[PDB]
Every structure is written in structure tokens, then in C-alpha cells.
Amino acid sequence: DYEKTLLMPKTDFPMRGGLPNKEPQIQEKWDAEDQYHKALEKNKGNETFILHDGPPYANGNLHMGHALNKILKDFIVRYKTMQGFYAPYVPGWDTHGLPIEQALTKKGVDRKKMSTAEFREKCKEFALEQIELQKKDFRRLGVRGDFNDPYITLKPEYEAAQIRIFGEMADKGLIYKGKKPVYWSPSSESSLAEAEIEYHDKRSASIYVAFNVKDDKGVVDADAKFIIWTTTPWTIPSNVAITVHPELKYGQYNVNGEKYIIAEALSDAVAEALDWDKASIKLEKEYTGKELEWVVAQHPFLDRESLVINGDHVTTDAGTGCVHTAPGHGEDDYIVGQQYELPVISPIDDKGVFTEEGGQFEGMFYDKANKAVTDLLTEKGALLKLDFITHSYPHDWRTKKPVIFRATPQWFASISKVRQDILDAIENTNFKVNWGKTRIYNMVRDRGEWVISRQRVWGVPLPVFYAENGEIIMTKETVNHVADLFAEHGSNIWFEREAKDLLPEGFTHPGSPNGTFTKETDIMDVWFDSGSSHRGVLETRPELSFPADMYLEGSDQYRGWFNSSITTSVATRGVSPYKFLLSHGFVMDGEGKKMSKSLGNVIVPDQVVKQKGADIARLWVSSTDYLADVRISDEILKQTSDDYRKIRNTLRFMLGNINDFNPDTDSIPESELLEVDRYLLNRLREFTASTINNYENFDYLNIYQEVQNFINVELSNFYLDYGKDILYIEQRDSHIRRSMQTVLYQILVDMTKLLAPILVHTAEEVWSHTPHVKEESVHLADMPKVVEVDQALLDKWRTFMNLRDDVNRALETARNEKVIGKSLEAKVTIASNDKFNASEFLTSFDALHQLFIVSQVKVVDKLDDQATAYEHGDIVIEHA
RNA sequence: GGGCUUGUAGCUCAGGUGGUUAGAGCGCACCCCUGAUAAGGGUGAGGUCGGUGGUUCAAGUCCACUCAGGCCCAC
Ligand SMILES: C/C(=C\C(=O)OCCCCCCCCC(=O)O)C[C@@H]1OC[C@H](C[C@@H]2O[C@H]2[C@@H](C)[C@H](C)O)[C@H](O)[C@@H]1O
Ligand SMILES: [Zn+2]
Numbered sequence: 002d003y004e005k006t007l008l009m010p011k012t013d014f015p016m017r018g019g020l021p022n023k024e025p026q027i028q029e030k031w032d033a034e035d036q037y038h039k040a041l042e043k044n045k046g047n048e049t050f051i052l053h054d055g056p057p058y059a060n061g062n063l064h065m066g067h068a069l070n071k072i073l074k075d076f077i078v079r080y081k082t083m084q085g086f087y088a089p090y091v092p093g094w095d096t097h098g099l100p101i102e103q104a105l106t107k108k109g110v111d112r113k114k115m116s117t118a119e120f121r122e123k124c125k126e127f128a129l130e131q132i133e134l135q136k137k138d139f140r141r142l143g144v145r146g147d148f149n150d151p152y153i154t155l156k157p158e159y160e161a162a163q164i165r166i167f168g169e170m171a172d173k174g175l176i177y178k179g180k181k182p183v184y185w186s187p188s189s190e191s192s193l194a195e196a197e198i199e200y201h202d203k204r205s206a207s208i209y210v211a212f213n214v215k216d217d218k219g220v221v222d223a224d225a226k227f228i229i230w231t232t233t234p235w236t237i238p239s240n241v242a243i244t245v246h247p248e249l250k251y252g253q254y255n256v257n258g259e260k261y262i263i264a265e266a267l268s269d270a271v272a273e274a275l276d277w278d279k280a281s282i283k284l285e286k287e288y289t290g291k292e293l294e295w296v297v298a299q300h301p302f303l304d305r306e307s308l309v310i311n312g313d314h315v316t317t318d319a320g321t322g323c324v325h326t327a328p329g330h331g332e333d334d335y336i337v338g339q340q341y342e343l344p345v346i347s348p349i350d351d352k353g354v355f356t357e358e359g360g361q362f363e364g365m366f367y368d369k370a371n372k373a374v375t376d377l378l379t380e381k382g383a384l385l386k387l388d389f390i391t392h393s394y395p396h397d398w399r400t401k402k403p404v405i406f407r408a409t410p411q412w413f414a415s416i417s418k419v420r421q422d423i424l425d426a427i428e429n430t431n432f433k434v435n436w437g438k439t440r441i442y443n444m445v446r447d448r449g450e451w452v453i454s455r456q457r458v459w460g461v462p463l464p465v466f467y468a469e470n471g472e473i474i475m476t477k478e479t480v481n482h483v484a485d486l487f488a489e490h491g492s493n494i495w496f497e498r499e500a501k502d503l504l505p506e507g508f509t510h511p512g513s514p515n516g517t518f519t520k521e522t523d524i525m526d527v528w529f530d531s532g533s534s535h536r537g538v539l540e541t542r543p544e545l546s547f548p549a550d551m552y553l554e555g556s557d558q559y560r561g562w563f564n565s566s567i568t569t570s571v572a573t574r575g576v577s578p579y580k581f582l583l584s585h586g587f588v589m590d591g592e593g594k595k596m597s598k599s600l601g602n603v604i605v606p607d608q609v610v611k612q613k614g615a616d617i618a619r620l621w622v623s624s625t626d627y628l629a630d631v632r633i634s635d636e637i638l639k640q641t642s643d644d645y646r647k648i649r650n651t652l653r654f655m656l657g658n659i660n661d662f663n664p665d666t667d668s669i670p671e672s673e674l675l676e677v678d679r680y681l682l683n684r685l686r687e688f689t690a691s692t693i694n695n696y697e698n699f700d701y702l703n704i705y706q707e708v709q710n711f712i713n714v715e716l717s718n719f720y721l722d723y724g725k726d727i728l729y730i731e732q733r734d735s736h737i738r739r740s741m742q743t744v745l746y747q748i749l750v751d752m753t754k755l756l757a758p759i760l761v762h763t764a765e766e767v768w769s770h771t772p773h774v775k776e777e778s779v780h781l782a783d784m785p786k787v788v789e790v791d792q793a794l795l796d797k798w799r800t801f802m803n804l805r806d807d808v809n810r811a812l813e814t815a816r817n818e819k820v821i822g823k824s825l826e827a828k829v830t831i832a833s834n835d836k837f838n839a840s841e842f843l844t845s846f847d848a849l850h851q852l853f854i855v856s857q858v859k860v861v862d863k864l865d866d867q868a869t870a871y872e873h874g875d876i877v878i879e880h881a
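Per the entry's author numbering, the first sequence starts with residue 2, numbered consecutively.
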């Protein structure tokens, strides 16, 4: 054959990647050479960019949401590291909380039998047993970071940071004591947490209590009377107010009885429940609960409380739009009340019994002594209204008895104080988008308060012991010694010994002048542990900085790690943790709905790296618009596979068609190239311009677009093909071949670097197969630089490339009739046209036949009617 | 229900300041190559823009309303 003495592409680079068998090994080497540090070595000094890592929970195996997140930060960090910045990424992990605990007994722990320390550990091995578990994944994603020496909220040094924050706050009047409502089961004498309760049918005594309106102000609007629906009985004796829904009300008002107030929404309902339609005799003088939102009335039981009014959000259906609110046994019931200095009624024993506030209620039952109780004061109190029924009332599993809301000693962070100091910061913090500022600027402006304590045994205990019988020791020195103590031993040294040997060595407080000391139990709400990232790590690892440049997490972090971090950061350094703040949506299924086993639509991470590899996973995340929930489906991945396939294949062609090329020696001066070679050079420039800018705005999707378009249209659909007649024929060192190779070497490599952060594996691969590249690893190479572009040229070829597209519809037609079949078989002839000056135009170009990969062409100035006219001239096609 | 939010071709995405026959790539259909071949080229067919009603001479692009989703509170 005449191909024996031909030129061909040669490289071991496979067409089919097989990343799953490939990626691992490639990692182990980066892990070998220890890139991460050397990454910092390279740069070192220079500028610096910090992307503080939000610590994911140390429990379970990573779901897609992580992948997106971590791959987005990896993109961000790598790129940066490539522009030279000293960007040390430091992975984090959440090790405290309650799941991690529930995930113990749900296996077979058997609580009571151990000891706090006897489980802290047994709820700490697991933690670390997870970190490793989840570490491999993140690593498996080619993500890059201090994984060998990450940070974890349970490290002795971390609590240090943990308590000081609290402390600094404390010593600024913010971390006080108080009371909030909490699920409770007297059949355990302790509290519970949602996950600890299931619901069943309880026989509740539905009642529409006849309440009376009164008092001048509470008389501002006529003087009828007040109804009120509540399915529980004892709730009432713990009275504080009534809140309608300002914006929909109509306090009705009506006949005989004593006239009654409710909402229009219920009017009928009410009557349909109290045999009231004893002639549906309409309403009179209807008010506006919206405004009414501040009246006053006194309720039966003993009404030695002027139950005011307020504006709540939602209360439709049920009974009278009255509600009856008691911030003691109702969560949302707790806020609306509280919002305006409203009490905290009857605590009610560790058992179903109360004491204070209760008249006869002193020694009662939580149930039956709430029942016949309802009675007595019903009639003999102002007469009322009653029903019986079955509900959906909560119960404590494991015991299966009932549970009830109760008041309980708790701690909080004065949000009210700080709100503002925060918001102001919120404003002076930048965002990838915009709605995020809003959303969060609003979270805070409605935040309310921060219950910062749980009765669990796994977490930084709040540093507070008592001594004065009034007690409450919590000031500097006392606080610190705890940190200056927690280090050498850990959050363990609290549950270790007694309050005594944990205070300021030989210290003594005026109160409890008996040397006796009682230390608090309550540990902190994990959002604190995590909220203290800017503390325990950003400001404590010599190679970082406090003002992290940008936090990057998912939309549910706007209240989570975002707020709890800034909320905390401010209350210490009165400034924002992060400078920039980028957010990302969730991962839905195909449609765009939630992923869940019960449906069978959950593309899990691992299962994918194992199938299509991770370089695919990455090219996917890049294909999405994270500014909103992103979609993943097996249909999606194929196209993602497809894409990666083309890309891979394309570097493959170049890799082998530069196999014999060698810059140092061969390359041609730009000044000395074939115009067409220049053209693409520039097109590699334009592309480099537009992609580095894209990288800068964290707009990858935009690259997934360009890279793609560029590859198909510019490379394969053209340059590469046209190039075949050069790279395969002309003497191995003919000025023509070497010219094209000179640009290809660049149209390549330079682009190899541009993809480095998104195709971490494949990048490195193409790198290993590229001659004389001067540096082991694409990931330790500065990115190509952005050079000015000879537009005027780019424009000519845009026109020429147009004309091309025409030269084809002219060919296909001709190729359809069989007049031709493989372009090279035809002789093209176009000429000036009244719609285009084809003649004088095609003057500059050369090898028009070659550019059109045909046999021949000729510009004639004129052609005849017979000649099928096109957009860029008059064309005609003919065999040989 | 509350704050914020998403809905354009099979798929991922574009579509200043409202304005001719709504774009890109992939994919697909078909023809060509078989000297990049578990590759390659060419051509073409697919959206009336979630729905409805308005605003304007004119709306995918502004208003309202509505259906379906999503994160977070309320439950
Ligand atoms: C985009 C995400 C989830 C998602 O898109 O959800 C994907 C779908 C869930 C998987 C379904 C599994 C099947 C179960 C079934 O049957 O339904 C959220 C991200 O997660 C990773 C990180 C988690 C840590 O919490 C964050 C922080 C900073 C705080 C300190 O802890 C990240 O910060 C972000 O939160
Ligand atoms: Zn049941």
C-alpha cells in the first residue's frame, strides 16, 4: 500500500478511558508525590485565596450533594492554585450531635450500663470510624486537600475555640439562662427529641371554651364575649393570650347568649359544631383581627392575667380562630407569645404534675386531673362547650405512653442584641448571586432567639458550674481555665472529674461559701461546634487566615452553617467570617423532583465513580447550574459520558499528531505560519480569553458549553480534518506540517491546562502523553496567559467559515444525487454573487480545495442561471 | 400557609434596554468515509417558550393569576 510510506498518529493514550480502573492508581501517585503541600510549596508567599470548608456530619456515606459541593470547591481551589495563589484547602468534619448517638443504640448499645465517658468514646470511635469512611470518597473524587491532617470539631484544640467564643460572648452579656417548651414523658421523667417520638390515638376532650372580653382597652371594640377552641384541657390553666391571624378575621358577634367573637373563616364551622344554627341569624359589627391585634380579655380559671392579642401566621380550620396560646406547652405557641414579653406558665414536674401557678392544680395529674378539672370551672366559671374524640397525639416509643410539652431550663444566644451588628455585616459581604443576600438578610431579621443547649451527652458541654445556692459561675478566668483545660484532655475532662478539680485552682466564690460546687451538664447545640469554624481552624492553623475569602455550601445552609457562623463570628469579632459567599442548590432526580429510595431515583455518588468514573462526575457538576437545584439521571450521565468521550477522543488525535513534534527544535514563528494556522491559534486565544473569564465568575456550565462547541466546530469539524492532508502527507518536517503541529501543540497543551481543574484525571493523563512538556503534573503548571486577539482575522474566517457551510449544502445536494460521494471527488466552482462578492473575497485564501477538503475550486467572477445560488456566492459542483 | 426559588428543543444550557421565519452543543434521522475505525465528515428534522388572562401596535422578555417543583420556617 501507499500508506506504508504515510504519516500517522501514534500514542498509547486509549480512546476509551476506563477511569474506574485508571483513576485510583493516578490518585495514589498524587498521594505518593504528596501534591497538596507541594501545591502550596510551589506558590508559597505570593497572594492567597482561602475557601474555608464547611464540616459535613461524620455519619453515613456521602450522597450526591456532597459531590457537587466538594467538586465545586475543588474546581474553585485548583483553578486558583493554578493562577498561583497560595490556596490551602482544609477539609472539615462534624463529630458531635445526636444522630451519631441514635446511630449507636439503633445497633445495640444499651445506654444505662456504660457511663458518660463509657459512651462518649463509644460515640467517638464511630465518629472517626466515619471520617475515614467518608475520606476515601472525597479523595475518590480527585478532590484535593489536607485530608491527611483535616480538622474535626472534637479535637481538643477545637473545644478551646468552642468555649472561648462562648466565653467572649458570655463576657459581653449574651449567653443567658431561661425557659422554652420541650417534648416530655413523665413515664421516663426526661425530655425527648422528635426522632424519639411516634404518634397514636388519644381520647382528647375537644372544647370550645366560653371566654369573656373585658377591660377598657379590651373594651375598645364593643363588649360581647370570646369563644376559643383547644383540643387539650390543662393547656388553658397556663393562660397568657390569644392571637388571631391579622389579615382575615371578622370577630363576628351574635345574639342572645352574650354575643361571640371568632373568625369568618370558621363562623359556620363554629355553629356546625355547637348546634348554633338554631336559626342561622347572621353577624353584626365585624372587626379586624388584623388591627384587633392588641385587644384584651379575661379568661375563666382565675383570669388574673390580661390575655392580650397578637398576629400569628396560620390557624385556619379546627375551631374558633382564637387559638389560646401558652408559651409553655406549644413551640410556635412559645414565640408569638414571647415576642412581646409574655410569661412562661406552669412548668409542671418531671412527672405529669405541676405546682406553682396552679390553683387547685398544685398536686394534680397531667391527664385525669386536667379532665374533671376542665369541668368545675366550666359551668362554675362562666359555662363553656365540650366534645370527645380521638387524636394523633404524640407518644414516646420504647414506653408508648403519652408525652406533653413542658417548660424547661435552657440557655440561649441573644440574637436580638447582635441582629443588626450582623445584618450590617451581611450587607458588606459579597455574593455569587443576589437572592442569597436577601434570603439570609431576612433569616436574621426574623431569627428570634437561639436555644443553644441540649441535654445530650456528646458535645462541648457549656462551661458553667454553680456555687452560691443562687450560683452561676461563668466569667473569664473561670471560662478560660476550662479551655486551658479542655486542650490537655478534651471535652472529656468535664465528665471526667467533679466541678471542684475543674475550676481556677483553689478558687472560691462568695456564695456557697462551703467549697461545694455543682457543674452544669447541658452540652451545646452542634450548630455552635460548626458555627465555630472561623475560630478553631481558620485562625489557628498558621497556614490560613480568619477572613476566609468565601464559604461555599448548599441552600439549606442559609440558616445552618451560614447564619450560625456569621451569627457567632460577629459576637466575637463583629465582622463577617466569609468575604464572599457562594451557594448551591440541591440534587434532584431526572424530572427535577426529590431523590428517594421509596421511588427508586437516587443516583448515589460512589455507585457512579465506580461505574463511569469520577472525571465524568466532575464534567457533570460542570455541566450544571448549581445556582439552583441540579438534576441527575442515567439519561443525563450518558450525554455526560458522550461529551467526555468526544473530549477524550479529541485530545487523543492531537496527542498522536504531535507525537513526533518537539517545540524546542521544530516550532514555527507565529509570523511564519499559514494564515489558517494563525486563525486557530487566535481561536485558541479567544477560547482562553472566554474561559479564564468564566472560571473567574465560577460559571463552569459556560465552559462545558464553550469547550464543547470549540471541540466540535473548530477542532474536529474542521482544523483537525483539514489537517489530515498535512499531518499525514507532507515530509515529516515540511514547513506546512510543522506549522500546523506548532499550533496543535498549543491548541492542545494550553487547553490541557484550561481543563485541569475540571478533568483532574484526564488532564494529567494527556499531560503524561505530551512530549517535552516542562513539568510533572498539569496540576503544578500555571494556566495559559490571556493574549490580545487579532480580531480582524477572526472575522475573515467567520465569513470564510460561513461560506464553507454553504459550500456544503451545495455538496450534499450534489452528493445526494450521487454526482459525488466523498467531497474529494468533486470540483467546486463559485463566483461573485449579488448577495456576496465571492470573487475578490476568496482571493486571500490558499488551498481552497484543501480547506474544503475537495479536489478543486475556481473563482470565476460570474456563473450562469444553471448555477444554484447560495448565500455567499454562486456555487456549482462537479465530479473530477 | 411564610421567606427565597425553578419551569425555553429528547438532554445540558443561551436568549441587554419588549420588536423580522426563538438560538448552541449534544443527541437523533439520513447520506458519506473507512488511512483518527469500540473513530471521522456532511445535511436535516425537532421548541411558541409550564398554563391563563392582561399591559403595549408588538412579549419567550413587563403585570397578575394559576399548575407543577425545591431549600428553610410554620405543621
Ligand atoms: C446539595 C446538598 C444536598 C442534596 O442535594 O441532597 C441530595 C439528595 C439526598 C440523598 C438521597 C439519599 C436517599 C435517601 C432517601 O431515600 O430519600 C447539600 C450539601 O450536602 C453536603 C454538605 C453537608 C453539610 O451539612 C453541611 C454543613 C456545612 C453543616 C456544618 O453540617 C454541604 O455543606 C451541603 O449541605
Ligand atoms: Zn397507634
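Heads up, the beta-carbon is just placed ideally off N, CA and C, and yes, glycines get one too.
Contact test: residue i Cβ vs ligand 1 heavy atom, cutoff 7 Å
| i | result |
| --- | --- |
| residue 871 | no |
| residue 58 | yes |
| residue 583 | no |
| residue 554 | yes |
| residue 558 | yes |
| residue 624 | no |
| residue 322 | no |
Heavy atom of ligand 2 within 7 Å of residue i beta-carbon
| i | result |
| --- | --- |
| residue 246 | no |
Pairwise C-alpha distance: residue j and residue i
| i | j | result |
| --- | --- | --- |
| residue 98 | residue 527 | 5 Å |
| residue 168 | residue 87 | 33 Å |
| residue 106 | residue 123 | 11 Å |
| residue 832 | residue 684 | 28 Å |
| residue 392 | residue 506 | 56 Å |
| residue 850 | residue 580 | 57 Å |
| residue 40 | residue 76 | 15 Å |
| residue 796 | residue 807 | 17 Å |
| residue 232 | residue 363 | 22 Å |
| residue 51 | residue 189 | 49 Å |
| residue 646 | residue 854 | 26 Å |
Coarse secondary structure for residue i, derived from DSSP in three states
| i | result |
| --- | --- |
| residue 842 | helix |
| residue 87 | strand |
| residue 65 | helix |
| residue 555 | strand |
| residue 629 | coil |
| residue 688 | helix |
| residue 7 | coil |
| residue 387 | strand |
| residue 175 | coil |
Of the residues the options, the one placed nearest residue i, counting alpha carbons only
| i | options | result |
| --- | --- | --- |
| residue 520 | 535, 469 and 741 | 469 |
| residue 11 | 764, 748, 811 and 652 | 652 |
| residue 384 | 245, 226 and 370 | 226 |
| residue 101 | 368, 494, 132 and 778 | 132 |
| residue 69 | 218, 144, 13 and 113 | 144 |
| residue 62 | 141, 403 and 309 | 141 |
| residue 332 | 834, 194, 218 and 71 | 194 |
| residue 753 | 727, 708, 739 and 719 | 708 |
| residue 234 | 371, 412 and 248 | 371 |
Near ligand 4: residue i beta-carbon under 7 Å from a heavy atom
| i | result |
| --- | --- |
| residue 202 | For ligand 4, the structure offers nothing, since it holds only ligand 1 and ligand 2. |
Checklist line | Sufficient close CB pairs (3 or more, under 8 Å) joining the stretch 107 to 122 to the stretch 790 to 804 | finding: no
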